[PDB]
Amino acid sequence: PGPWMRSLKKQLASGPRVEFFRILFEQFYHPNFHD
Amino acid sequence: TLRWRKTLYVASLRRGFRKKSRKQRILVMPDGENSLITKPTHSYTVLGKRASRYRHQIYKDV
Amino acid sequence: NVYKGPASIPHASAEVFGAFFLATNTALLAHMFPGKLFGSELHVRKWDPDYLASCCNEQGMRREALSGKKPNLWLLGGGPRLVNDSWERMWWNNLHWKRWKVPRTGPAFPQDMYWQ
Amino acid sequence: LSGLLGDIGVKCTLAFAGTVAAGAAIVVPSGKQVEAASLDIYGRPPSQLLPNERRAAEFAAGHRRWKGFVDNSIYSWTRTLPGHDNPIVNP
Amino acid sequence: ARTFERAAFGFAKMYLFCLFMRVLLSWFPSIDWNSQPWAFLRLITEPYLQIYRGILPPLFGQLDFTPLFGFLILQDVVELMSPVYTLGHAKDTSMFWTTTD
Amino acid sequence: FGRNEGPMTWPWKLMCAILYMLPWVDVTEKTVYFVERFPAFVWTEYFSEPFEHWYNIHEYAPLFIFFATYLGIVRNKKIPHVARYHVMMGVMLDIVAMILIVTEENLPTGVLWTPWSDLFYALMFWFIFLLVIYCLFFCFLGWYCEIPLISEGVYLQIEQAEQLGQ
Ligand SMILES: CCCCCCCCCCCCCCCCCC(=O)OC[C@H](CO[C@@H]1O[C@H](CO)[C@H](O)[C@H](O)[C@H]1O)OC(=O)CCCCCCCCCCCCCCCCC
Ligand SMILES: CCCCCCCCCCCC
Ligand SMILES: CCCCCCCCCCCC
Ligand SMILES: CCCCCCCCCCCC
Ligand SMILES: CCCCCCCCCCCC
C-alpha cells in the first residue's frame, strides 16, 4: 500500500546548495562551464 | 511577452494558490539611511522561489 | 507434439511474419535516406500518370490532325455536365482530378533528413 | 441451397435487398411526374426540362407517394386507437 | 559515504536485472540449466526464490508465480532505498513553489 | 476428443479485437515520437481514446480481465480453439507491452537526455503496433497467426489451462 511505504520512506551541505552543482559537473560536462 | 506566457500556461490550482504571503527575515549576527521604506528580505534564503528559478535557468543553460 | 489446433484451419508460418517485419523496417529506412540505397533510391511508380496522359493525348491529336479531322482532348476524370449554374459544377470531374496533383505525386514524409 | 441461408451475411444481404425492393415498389412513380410534379414545380414538359430538374420532379412525385402511403395505410391503422395516455419522460 | 550507497544501489539494480531475466526465462521450458550462462544465473538466483517457494505455494498446484512475486518484492524493496532527489527534473523542484513540491 | 475445434464466429472475432486493443492503450503515449516522421499514420494518435477511457476506469481492470479470460475462457474446452488462442495471444502481447514499459522505467539519465530516447520511444510504439495489426489481419480471418518466441508458449498454456484441477 502507498501510505505505509511513503511513511516508511519519509522515516528514513544540503541538496540544492552543493549537489546541484556537483552532479551537473560530474555527469554533464562542458568546457564553457567547467573549464 | 507577458501576454504570450500567460497564453502558454499559468498554473494548476489543484490544492489552491501555490504562492503564499512573504515572511521578512532579520540578520542575527553582524545602510545609507533611506529608512523611509523597509525593503523586503524574504528572498535571502537559498530555499526560496528566486533561487529555484535561477537554478532552473542554470540547469537549462548547462 | 503439442496440439497446435486442427489441420483443417490454415496456419501461417513464422517466416512470413519475419519477412513482413524486416520489409516494413527496411521500407522505412530506405524512405528516410534517399541516397544511401546502394547509391540509389526507392520509387513507388515508374511514370507519373499525368505524363502518360499527356504523351497519349499528344500522339492521338497528332494522328487525328494528320488524318484530316479536328483533334479531341481526352480528360482525366470525365467529361462535362450539362448544367446552367456555375462553371465549376460543369467541369467538376476534371477539376477534382487536377486538385489532387500534389498529394498524388509527392511523398507525405519529409524528403530530406534532419537531425542527421 | 439452405447452406447459403445458414450464413448471417447472406441473410442480411437478402433482408437489405428485400427492403430496397419494397421501397422501390411503394415509392417509384410512373406517369405522375408530367401529370403532377413537373407542371406544378416548373410549369414545363419533362422533356424540355434540364437533366437536374427531371430528377427533382421525380423525387417530388416519389415523396408525395411515400407520404400518401404512410398516411393512408400505416397511420390510419395505428391511429384508429386513440391516444393511450401518451407516456412521457418523468425526469 | 556516497560510494557506499552508489555501490549498494548498483548491486541492487544488477540483482533486479538477474531476477527479471529469471522471470523471462521461466517462460521457456526447453532451456537446459546445465549450460554455463543459465547455470550461473540459477546459481546466483537459487536461495532468494527458494525462500519464496517454501513461503508461497502455487495457487492451484499447476501454475507457478514465485519468480514474479520475488521480483515484485525486490523491486519494491529497492524502490524504498532510492535517492531522495534523483535529479533529472526532480532536483529542480519543478517550477517555483508548487503544490506537488 | 471432446474439445471443440470448429471455426470462430463473428462475436468471438469482435471480442478478440477488443482484447487486442489493450496493448495499444498501454503504449499509445509514445505515438507522437513516431508520427512526427511519416505523418501518414497520424490517425493512429486519435483512435484509442474511448478504449483509453474504458480500460482505465478502474485501477485493477486489467487484472480482472486477465483472470476472467484465463479461467473463464481459456480453461473451457467447449469454446473453439482459435478464440482461446487469440485471447491468449492478446494477453501475451499485453505482457510484452508491460515488459517494454518496465524496461523504459529504468533508462539511464545519459540516454534519457539524448535523442536516442526519442528513437526508443518510437520503436516502443511501432513494433507493438505492427504486432497488433498482424494479429488483427489473422483475427478477422479465422486463421492461426504464428509469432516467434510466443506461439509455442501459447499452445502449451492453452492445454495447461485445460485439465486444471481435474
Ligand atoms: C458525405 C460523406 C462524407 C463522410 C466521409 C466518411 C469518411 C469515413 C470513411 C470511413 C473511415 C473509417 C473510419 C471510421 C473509424 C471510426 C473510428 C472513429 O470515428 O474515430 C474517430 C477518430 C477522430 O477522433 C476524434 O478526433 C478529434 C481530433 O480533434 C478529437 O480528438 C475527438 O475527441 C475524437 O473523437 O478518427 C480516427 O481515429 C480515424 C481512424 C481511421 C482508421 C483507418 C481505417 C483503416 C481501415 C480503412 C479501410 C477503409 C475503411 C472503409 C472506408 C470506406 C468507407 C465507406
Ligand atoms: C441488388 C439489390 C437491388 C436489386 C433490385 C433492384 C430494384 C429496382 C428494380 C427496378 C426495375 C424497374
Ligand atoms: C530477450 C532475448 C531472449 C533470448 C533467450 C531465449 C532463447 C531461447 C532459445 C531456445 C532454443 C531451444
Ligand atoms: C532493450 C535494450 C535497451 C538498452 C539497454 C542498454 C543500455 C545502453 C547503455 C549500456 C551501458 C551503460
Ligand atoms: C549507445 C546508446 C544506445 C544505442 C541503442 C539504443 C536504442 C535501442 C533500441 C531498441 C528498441 C527495443
# chains A, B, ... in the order shown; residues from 1 in each chain; ligands from 1

$ select_by_dssp --residues "chain B" --states "alpha helix (DSSP H)" --output "PyMOL selection string"
chain B and resi 2-8+49-61

$ residues_near_ligand --ligand "ligand 1" --cutoff "6 Å" --atoms "only C-alpha atoms and all ligand atoms" --output "number ranges by chain"
F: 43, 46-47

$ residues_near_ligand --ligand "ligand 5" --cutoff "6 Å" --atoms "only C-alpha atoms and all ligand atoms" --output "number ranges by chain"
F: 116, 120, 123

$ residues_near_ligand --ligand "ligand 4" --cutoff "8 Å" --atoms "only C-alpha atoms and all ligand atoms" --output "list in words"
residues 103, 104, 107, 108 and 111 of chain F

$ write_last_selection --atoms "N, CA, C and O atoms" --output "short mmCIF file (atom, residue, chain, number, x, y, z; two decimals), in the first residue's frame"
data_model
loop_
_atom_site.label_atom_id
_atom_site.label_comp_id
_atom_site.auth_asym_id
_atom_site.auth_seq_id
_atom_site.Cartn_x
_atom_site.Cartn_y
_atom_site.Cartn_z
N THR F 103 11.08 -1.86 -18.80
CA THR F 103 12.44 -1.57 -19.24
C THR F 103 12.61 -0.11 -19.63
O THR F 103 13.74 0.39 -19.64
N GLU F 104 11.52 0.59 -19.97
CA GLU F 104 11.60 2.04 -20.16
C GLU F 104 11.83 2.76 -18.84
O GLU F 104 12.58 3.74 -18.78
N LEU F 107 15.66 3.49 -17.68
CA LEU F 107 16.65 4.03 -18.59
C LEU F 107 17.61 4.96 -17.84
O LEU F 107 17.18 5.73 -16.97
N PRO F 108 18.90 4.91 -18.14
CA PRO F 108 19.85 5.83 -17.51
C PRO F 108 19.63 7.26 -17.97
O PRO F 108 19.07 7.53 -19.04
N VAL F 111 21.14 8.35 -21.45
CA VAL F 111 20.27 8.03 -22.58
C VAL F 111 18.99 8.86 -22.52
O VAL F 111 18.42 9.21 -23.56
#

$ interface_residues --of "chain A" --to "chain B" --cutoff "12 Å" --atoms "only C-alpha atoms" --output "PDB file with N, CA, C and O atoms, in the first residue's frame"
ATOM      1  N   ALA A  13      25.451  22.109   2.608  1.00  0.00           N
ATOM      2  CA  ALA A  13      25.649  20.665   2.633  1.00  0.00           C
ATOM      3  C   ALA A  13      24.395  19.937   2.165  1.00  0.00           C
ATOM      4  O   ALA A  13      24.406  18.721   1.969  1.00  0.00           O
ATOM      5  N   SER A  14      23.314  20.690   1.989  1.00  0.00           N
ATOM      6  CA  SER A  14      22.059  20.115   1.536  1.00  0.00           C
ATOM      7  C   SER A  14      22.104  19.846   0.034  1.00  0.00           C
ATOM      8  O   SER A  14      23.111  20.077  -0.641  1.00  0.00           O
ATOM      9  N   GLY A  15      20.988  19.343  -0.488  1.00  0.00           N
ATOM     10  CA  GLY A  15      20.876  19.013  -1.888  1.00  0.00           C
ATOM     11  C   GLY A  15      21.072  20.201  -2.808  1.00  0.00           C
ATOM     12  O   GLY A  15      22.061  20.287  -3.541  1.00  0.00           O
ATOM     13  N   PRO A  16      20.131  21.149  -2.783  1.00  0.00           N
ATOM     14  CA  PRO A  16      20.211  22.282  -3.721  1.00  0.00           C
ATOM     15  C   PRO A  16      21.477  23.109  -3.585  1.00  0.00           C
ATOM     16  O   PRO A  16      21.934  23.689  -4.578  1.00  0.00           O
ATOM     17  N   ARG A  17      22.056  23.190  -2.386  1.00  0.00           N
ATOM     18  CA  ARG A  17      23.209  24.060  -2.177  1.00  0.00           C
ATOM     19  C   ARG A  17      24.431  23.567  -2.947  1.00  0.00           C
ATOM     20  O   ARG A  17      25.073  24.339  -3.667  1.00  0.00           O
ATOM     21  N   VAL A  18      24.769  22.283  -2.812  1.00  0.00           N
ATOM     22  CA  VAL A  18      26.019  21.743  -3.331  1.00  0.00           C
ATOM     23  C   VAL A  18      25.788  20.653  -4.371  1.00  0.00           C
ATOM     24  O   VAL A  18      26.480  20.612  -5.397  1.00  0.00           O
ATOM     25  N   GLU A  19      24.833  19.753  -4.124  1.00  0.00           N
ATOM     26  CA  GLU A  19      24.654  18.602  -5.000  1.00  0.00           C
ATOM     27  C   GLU A  19      24.221  19.015  -6.401  1.00  0.00           C
ATOM     28  O   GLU A  19      24.568  18.339  -7.376  1.00  0.00           O
ATOM     29  N   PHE A  20      23.475  20.115  -6.524  1.00  0.00           N
ATOM     30  CA  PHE A  20      23.030  20.560  -7.843  1.00  0.00           C
ATOM     31  C   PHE A  20      24.213  20.898  -8.741  1.00  0.00           C
ATOM     32  O   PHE A  20      24.230  20.528  -9.920  1.00  0.00           O
ATOM     33  N   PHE A  21      25.212  21.594  -8.204  1.00  0.00           N
ATOM     34  CA  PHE A  21      26.398  21.929  -8.976  1.00  0.00           C
ATOM     35  C   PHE A  21      27.429  20.812  -8.991  1.00  0.00           C
ATOM     36  O   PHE A  21      28.356  20.853  -9.807  1.00  0.00           O
ATOM     37  N   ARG A  22      27.294  19.819  -8.110  1.00  0.00           N
ATOM     38  CA  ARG A  22      28.222  18.693  -8.135  1.00  0.00           C
ATOM     39  C   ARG A  22      27.822  17.660  -9.185  1.00  0.00           C
ATOM     40  O   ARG A  22      28.662  17.204  -9.971  1.00  0.00           O
ATOM     41  N   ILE A  23      26.543  17.279  -9.210  1.00  0.00           N
ATOM     42  CA  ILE A  23      26.086  16.251 -10.141  1.00  0.00           C
ATOM     43  C   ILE A  23      26.192  16.740 -11.579  1.00  0.00           C
ATOM     44  O   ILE A  23      26.547  15.975 -12.483  1.00  0.00           O
ATOM     45  N   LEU A  24      25.876  18.015 -11.818  1.00  0.00           N
ATOM     46  CA  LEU A  24      25.990  18.559 -13.168  1.00  0.00           C
ATOM     47  C   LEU A  24      27.429  18.511 -13.661  1.00  0.00           C
ATOM     48  O   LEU A  24      27.685  18.143 -14.813  1.00  0.00           O
ATOM     49  N   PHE A  25      28.385  18.881 -12.807  1.00  0.00           N
ATOM     50  CA  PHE A  25      29.788  18.791 -13.193  1.00  0.00           C
ATOM     51  C   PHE A  25      30.201  17.346 -13.440  1.00  0.00           C
ATOM     52  O   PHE A  25      30.919  17.054 -14.402  1.00  0.00           O
ATOM     53  N   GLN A  27      28.372  14.681 -14.323  1.00  0.00           N
ATOM     54  CA  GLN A  27      27.714  13.975 -15.418  1.00  0.00           C
ATOM     55  C   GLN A  27      27.735  14.760 -16.727  1.00  0.00           C
ATOM     56  O   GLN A  27      28.212  14.254 -17.747  1.00  0.00           O
ATOM     57  N   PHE A  28      27.223  15.988 -16.721  1.00  0.00           N
ATOM     58  CA  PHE A  28      27.079  16.791 -17.934  1.00  0.00           C
ATOM     59  C   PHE A  28      28.197  17.828 -17.960  1.00  0.00           C
ATOM     60  O   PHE A  28      28.060  18.920 -17.402  1.00  0.00           O
ATOM     61  N   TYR A  29      29.293  17.490 -18.628  1.00  0.00           N
ATOM     62  CA  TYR A  29      30.483  18.323 -18.664  1.00  0.00           C
ATOM     63  C   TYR A  29      30.513  19.142 -19.946  1.00  0.00           C
ATOM     64  O   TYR A  29      30.111  18.672 -21.015  1.00  0.00           O
ATOM     65  N   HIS A  30      30.987  20.383 -19.828  1.00  0.00           N
ATOM     66  CA  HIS A  30      31.136  21.262 -20.970  1.00  0.00           C
ATOM     67  C   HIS A  30      32.231  22.265 -20.637  1.00  0.00           C
ATOM     68  O   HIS A  30      32.204  22.853 -19.543  1.00  0.00           O
ATOM     69  N   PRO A  31      33.199  22.468 -21.533  1.00  0.00           N
ATOM     70  CA  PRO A  31      34.297  23.402 -21.235  1.00  0.00           C
ATOM     71  C   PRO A  31      33.845  24.833 -21.002  1.00  0.00           C
ATOM     72  O   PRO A  31      34.501  25.556 -20.243  1.00  0.00           O
ATOM     73  N   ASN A  32      32.752  25.273 -21.631  1.00  0.00           N
ATOM     74  CA  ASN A  32      32.295  26.644 -21.428  1.00  0.00           C
ATOM     75  C   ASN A  32      31.867  26.894 -19.989  1.00  0.00           C
ATOM     76  O   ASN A  32      31.886  28.041 -19.530  1.00  0.00           O
ATOM     77  N   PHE A  33      31.476  25.847 -19.265  1.00  0.00           N
ATOM     78  CA  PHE A  33      31.030  25.984 -17.884  1.00  0.00           C
ATOM     79  C   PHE A  33      32.032  25.449 -16.870  1.00  0.00           C
ATOM     80  O   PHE A  33      32.179  26.033 -15.794  1.00  0.00           O
ATOM     81  N   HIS A  34      32.724  24.354 -17.179  1.00  0.00           N
ATOM     82  CA  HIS A  34      33.511  23.636 -16.185  1.00  0.00           C
ATOM     83  C   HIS A  34      35.013  23.678 -16.446  1.00  0.00           C
ATOM     84  O   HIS A  34      35.762  22.940 -15.796  1.00  0.00           O
TER      85      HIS A  34
END

$ residues_near_ligand --ligand "ligand 3" --cutoff "9 Å" --atoms "only C-alpha atoms and all ligand atoms" --output "ChimeraX atom specification"
/E:21,24-25,28-32 /F:149

$ residues_around --residues "stretch 50-64 of chain D" --least-positions-apart "2" --cutoff "7 Å" --atoms "only C-alpha atoms" --output "number ranges by chain"
D: 27-29, 32-33, 37-38, 46, 48, 66-68

$ closest_residue --among "D:22, D:49, D:8, D:15" --to "chain F" --atoms "only C-alpha atoms"
D:8

$ residues_near_ligand --ligand "ligand 2" --cutoff "8 Å" --atoms "only C-alpha atoms and all ligand atoms" --output "CSV table (one decimal) with C-alpha atoms, in the first residue's frame"
chain,number,residue,atom,x,y,z
D,16,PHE,CA,-31.4,-5.4,-47.4
D,17,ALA,CA,-32.4,-6.4,-50.9
D,18,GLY,CA,-36.0,-7.1,-49.9
D,20,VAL,CA,-34.9,-1.9,-51.2
D,21,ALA,CA,-37.3,-3.8,-53.4
D,24,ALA,CA,-38.9,0.8,-54.9

$ residues_around --residues "stretch 35-49 of chain C" --least-positions-apart "5" --cutoff "10 Å" --atoms "only C-alpha atoms" --output "JSON list (two decimals) with N, CA, C and O atoms, in the first residue's frame"
[["chain", "number", "residue", "atom", "x", "y", "z"],
["C", 27, "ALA", "N", 11.69, -0.74, -45.54],
["C", 27, "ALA", "CA", 10.99, 0.28, -46.30],
["C", 27, "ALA", "C", 11.09, 1.63, -45.60],
["C", 27, "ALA", "O", 11.36, 2.65, -46.25],
["C", 29, "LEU", "N", 13.43, 2.61, -43.46],
["C", 29, "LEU", "CA", 14.82, 3.07, -43.51],
["C", 29, "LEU", "C", 15.18, 3.59, -44.90],
["C", 29, "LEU", "O", 15.87, 4.60, -45.03],
["C", 30, "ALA", "N", 14.73, 2.90, -45.95],
["C", 30, "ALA", "CA", 15.03, 3.33, -47.31],
["C", 30, "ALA", "C", 14.33, 4.64, -47.64],
["C", 30, "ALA", "O", 14.90, 5.49, -48.34],
["C", 54, "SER", "N", -0.49, 12.95, -70.97],
["C", 54, "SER", "CA", -0.05, 13.99, -71.89],
["C", 54, "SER", "C", 0.58, 13.40, -73.14],
["C", 54, "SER", "O", 0.30, 13.85, -74.25],
["C", 55, "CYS", "N", 1.43, 12.38, -72.98],
["C", 55, "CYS", "CA", 2.04, 11.75, -74.15],
["C", 55, "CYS", "C", 0.99, 11.10, -75.04],
["C", 55, "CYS", "O", 1.03, 11.23, -76.27],
["C", 76, "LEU", "N", -8.91, 13.47, -67.96],
["C", 76, "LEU", "CA", -8.81, 12.52, -66.86],
["C", 76, "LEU", "C", -9.88, 12.83, -65.82],
["C", 76, "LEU", "O", -9.92, 13.94, -65.29],
["C", 104, "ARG", "N", -0.99, 13.29, -54.98],
["C", 104, "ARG", "CA", -0.82, 12.09, -55.80],
["C", 104, "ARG", "C", 0.64, 11.80, -56.09],
["C", 104, "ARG", "O", 1.07, 10.64, -56.11],
["C", 105, "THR", "N", 1.43, 12.85, -56.33],
["C", 105, "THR", "CA", 2.82, 12.67, -56.75],
["C", 105, "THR", "C", 3.79, 12.68, -55.56],
["C", 105, "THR", "O", 4.51, 11.71, -55.33],
["C", 107, "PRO", "N", 5.66, 12.69, -51.89],
["C", 107, "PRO", "CA", 5.56, 11.85, -50.69],
["C", 107, "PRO", "C", 5.14, 12.63, -49.46],
["C", 107, "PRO", "O", 5.42, 13.83, -49.32],
["C", 112, "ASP", "N", 14.07, 15.24, -47.21],
["C", 112, "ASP", "CA", 15.45, 15.24, -46.77],
["C", 112, "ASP", "C", 15.53, 14.68, -45.35],
["C", 112, "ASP", "O", 14.54, 14.23, -44.77]]

$ closest_atom_pairs --of "chain F" --to "chain D" --cutoff "12 Å" --atoms "only C-alpha atoms" --output "Markdown table"
| residue | atom | partner | partner_atom | distance |
| --- | --- | --- | --- | --- |
| F:9 | CA | D:8 | CA | 10.2 |
| F:10 | CA | D:8 | CA | 9.6 |
| F:11 | CA | D:8 | CA | 11.9 |

$ atom_distance --atom1 "atom CA of residue F:63" --atom2 "atom CA of residue F:76"
19.0 Å

$ residues_around --residues "residue F:139" --least-positions-apart "5" --cutoff "10 Å" --atoms "only C-alpha atoms" --output "PyMOL selection string"
chain F and resi 8+10+12-14+16-17+20+82-83+86+132-134+144-145

$ closest_atom_pairs --of "chain C" --to "chain D" --cutoff "10 Å" --atoms "only C-alpha atoms" --output "JSON lines"
{"residue": "C:81", "atom": "CA", "partner": "D:51", "partner_atom": "CA", "distance": 9.5}
{"residue": "C:82", "atom": "CA", "partner": "D:51", "partner_atom": "CA", "distance": 7.6}
{"residue": "C:83", "atom": "CA", "partner": "D:50", "partner_atom": "CA", "distance": 7.6}
{"residue": "C:84", "atom": "CA", "partner": "D:50", "partner_atom": "CA", "distance": 8.8}

$ write_last_selection --atoms "C-alpha atoms" --output "PDB file, in the first residue's frame"
ATOM      1  CA  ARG C  81     -22.054  18.058 -67.017  1.00  0.00           C
ATOM      2  CA  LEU C  82     -24.863  19.882 -68.817  1.00  0.00           C
ATOM      3  CA  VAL C  83     -25.772  22.489 -66.185  1.00  0.00           C
ATOM      4  CA  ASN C  84     -26.602  26.195 -66.308  1.00  0.00           C
TER       5      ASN C  84
END

$ closest_atom_pairs --of "chain E" --to "chain A" --cutoff "10 Å" --atoms "only C-alpha atoms" --output "JSON lines"
{"residue": "E:76", "atom": "CA", "partner": "A:5", "partner_atom": "CA", "distance": 9.0}
{"residue": "E:77", "atom": "CA", "partner": "A:5", "partner_atom": "CA", "distance": 9.7}
{"residue": "E:79", "atom": "CA", "partner": "A:9", "partner_atom": "CA", "distance": 9.3}
{"residue": "E:80", "atom": "CA", "partner": "A:9", "partner_atom": "CA", "distance": 6.1}
{"residue": "E:81", "atom": "CA", "partner": "A:9", "partner_atom": "CA", "distance": 7.8}
{"residue": "E:82", "atom": "CA", "partner": "A:9", "partner_atom": "CA", "distance": 9.1}
{"residue": "E:84", "atom": "CA", "partner": "A:9", "partner_atom": "CA", "distance": 9.1}
{"residue": "E:85", "atom": "CA", "partner": "A:15", "partner_atom": "CA", "distance": 7.7}
{"residue": "E:87", "atom": "CA", "partner": "A:20", "partner_atom": "CA", "distance": 7.9}
{"residue": "E:88", "atom": "CA", "partner": "A:24", "partner_atom": "CA", "distance": 9.9}
{"residue": "E:91", "atom": "CA", "partner": "A:16", "partner_atom": "CA", "distance": 7.2}
{"residue": "E:92", "atom": "CA", "partner": "A:16", "partner_atom": "CA", "distance": 8.2}
{"residue": "E:93", "atom": "CA", "partner": "A:16", "partner_atom": "CA", "distance": 9.3}

$ write_last_selection --atoms "C-alpha atoms" --output "PDB file, in the first residue's frame"
ATOM      1  CA  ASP E  76       9.522  -2.539  -4.021  1.00  0.00           C
ATOM      2  CA  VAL E  77      12.399  -3.007  -1.560  1.00  0.00           C
ATOM      3  CA  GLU E  79      12.366   1.419  -4.566  1.00  0.00           C
ATOM      4  CA  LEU E  80      12.348   2.045  -0.810  1.00  0.00           C
ATOM      5  CA  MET E  81      16.103   2.776  -0.950  1.00  0.00           C
ATOM      6  CA  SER E  82      16.056   5.190  -3.893  1.00  0.00           C
ATOM      7  CA  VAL E  84      15.768  11.297  -2.062  1.00  0.00           C
ATOM      8  CA  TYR E  85      16.412  13.613  -5.038  1.00  0.00           C
ATOM      9  CA  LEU E  87      17.971  14.986 -10.152  1.00  0.00           C
ATOM     10  CA  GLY E  88      16.850  14.757 -13.786  1.00  0.00           C
ATOM     11  CA  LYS E  91      16.083  18.303  -8.075  1.00  0.00           C
ATOM     12  CA  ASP E  92      14.886  21.425  -9.894  1.00  0.00           C
ATOM     13  CA  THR E  93      11.853  21.165  -7.565  1.00  0.00           C
TER      14      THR E  93
END
